[PDB]
Amino acid sequence: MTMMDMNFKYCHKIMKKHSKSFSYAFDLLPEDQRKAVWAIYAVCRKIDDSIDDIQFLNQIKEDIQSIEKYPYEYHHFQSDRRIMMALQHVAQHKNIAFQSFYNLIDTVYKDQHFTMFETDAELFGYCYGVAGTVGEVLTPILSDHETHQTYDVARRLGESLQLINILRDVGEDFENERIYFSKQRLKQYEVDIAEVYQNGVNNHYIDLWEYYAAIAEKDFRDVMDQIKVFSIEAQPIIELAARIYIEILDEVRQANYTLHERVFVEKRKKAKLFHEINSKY
Ligand SMILES: CCCCCCOc1cccc(Cn2ccc(O)c(C(=O)O)c2=O)c1
Ligand SMILES: [Mg+2]
Ligand SMILES: [Mg+2]
Ligand SMILES: [Mg+2]
């Protein structure tokens, strides 16, 4: 394998370490598109994890800026060379939405002084910032002729996936001093996350959970309805990634909404879902 191959392999490793679901699905893509997703995904992970000060994140942002300004120049990257070298390689062949990386970065800067979200509007704006932006960056990789609707579908999918993630992680997020449900919705449903964490679920909580799960599932259906904005090769894969991810909701239900472990979709169940999906492709 070439030096660049090694860079992409490292990007793969970061993706698979962070998400078996997304790696499971996206490693099914043809080589070229597969590798581009690894790099973009790895950059987004490095960004999301960075603060845990801002130094490295400033360096990531500066590296991304160098690539945007001078895609074909050799740069001595300040942050992670392997990842930036791969991103640069991708950017030389695809139209990367750099402002989307900057939106993600800005959101991550903001998460430092995390304050709970007043309304759902603020929560959904967060979902765009950390996840819709990722859909936007992935768009040119996963579609042939991108237009406003391609970006919109990808953005909505990203956002739904984030919401599902939040719904899986209420417990662990609370332990790390984060509550992503909005005050508006929490107060409406009469839920105190600390209280549920100490005492177990009740009917108020389950109702609030199901309110957000309803939103996620409906967005999923609307994304599926528009699957054809994506390249034919990427369609079943994107569908798969979504389906695997939405199955998480049922795992949460089957575990009775527990706030004390991370539920998951077995590897063998992921294979079943994929089989299901191709019985129509
Ligand atoms: C057309 C392209 C389809 C769009 C794909 C978007 O992929 C993304 C991007 C960003 C976030 C998520 C949700 N997600 C999943 C696992 C996870 O661990 C976290 C976390 O750690 O928060 C998390 O947010 C998914
Ligand atoms: Mg995940
Ligand atoms: Mg994220
Ligand atoms: Mg989470």
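All chain A residue numbers match Swiss-Prot; in order, they span 1-52, 56-284.
Using the three backbone atoms N, Cα and C, a Cβ is placed for every residue, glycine included.
Listed in Swiss-Prot:
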type: BINDING; residues: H18, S19, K20, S21, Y41, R45, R171, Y248; note: (2E,6E)-farnesyl diphosphate 1 binding site
type: BINDING; residues: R45, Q165; note: (2E,6E)-farnesyl diphosphate 2 binding site
type: BINDING; residues: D48, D52; note: Mg(2+) 1 binding site
type: BINDING; residues: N168, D172; note: Mg(2+) 2 binding site
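In this structure, the binding-site residues under consideration are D48, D52, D172, and the one with the smallest number of other Cβ atoms within 10 Å of its Cβ is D52. Largest CA to CA distance in the (2E,6E)-farnesyl diphosphate 1 binding set (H18, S19, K20, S21, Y41, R45, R171, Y248): 20 Å, whole number. The Cβ neighbour count for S21 ((2E,6E)-farnesyl diphosphate 1 binding site), using a 10 Å radius over every protein chain in view, is 21. Of the deposited chain, 3 residues are missing between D52 and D56, and the straight-line Cα distance between those two residues is 7 Å.
Most other Cβ atoms within 10 A: among the binding-site residues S19, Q165, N168, that distinction falls to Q165.
Among the binding-site residues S19, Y41, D52, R171, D172, the ones whose Cβ sits under 6 Å from an atom of ligand 2 are, in sequence order, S19. Counting in whole angstrom, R45 ((2E,6E)-farnesyl diphosphate 1 binding site) lies 12 from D52 (Mg(2+) 1 binding site) by their C-alpha atoms.
Listed in sequence order, the binding-site residues among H18, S21, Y41, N168, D172, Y248 whose CB lies under 6 angstroms from an atom of ligand 4 come out as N168, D172. Close to ligand 1, meaning a Cβ under 6 Å from one of its atoms, are these of the binding-site residues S19, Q165, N168, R171: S19, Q165, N168. Here the Cα atom of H18 ((2E,6E)-farnesyl diphosphate 1 binding site) is found 14 Å from that of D172 (Mg(2+) 2 binding site). In three-state terms derived from DSSP, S19 ((2E,6E)-farnesyl diphosphate 1 binding site) belongs to neither a helical nor a strand segment and is classed as coil. Of the recorded residues, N168 (Mg(2+) 2 binding site) and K20 ((2E,6E)-farnesyl diphosphate 1 binding site) place their C-alpha atoms 13 Å from one another. Counted within 10 Å of its Cβ, the other Cβ atoms near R171 ((2E,6E)-farnesyl diphosphate 1 binding site) come to 19, all protein chains included.
Cα separation, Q165 ((2E,6E)-farnesyl diphosphate 2 binding site) to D48 (Mg(2+) 1 binding site), rounded: 13 Å.
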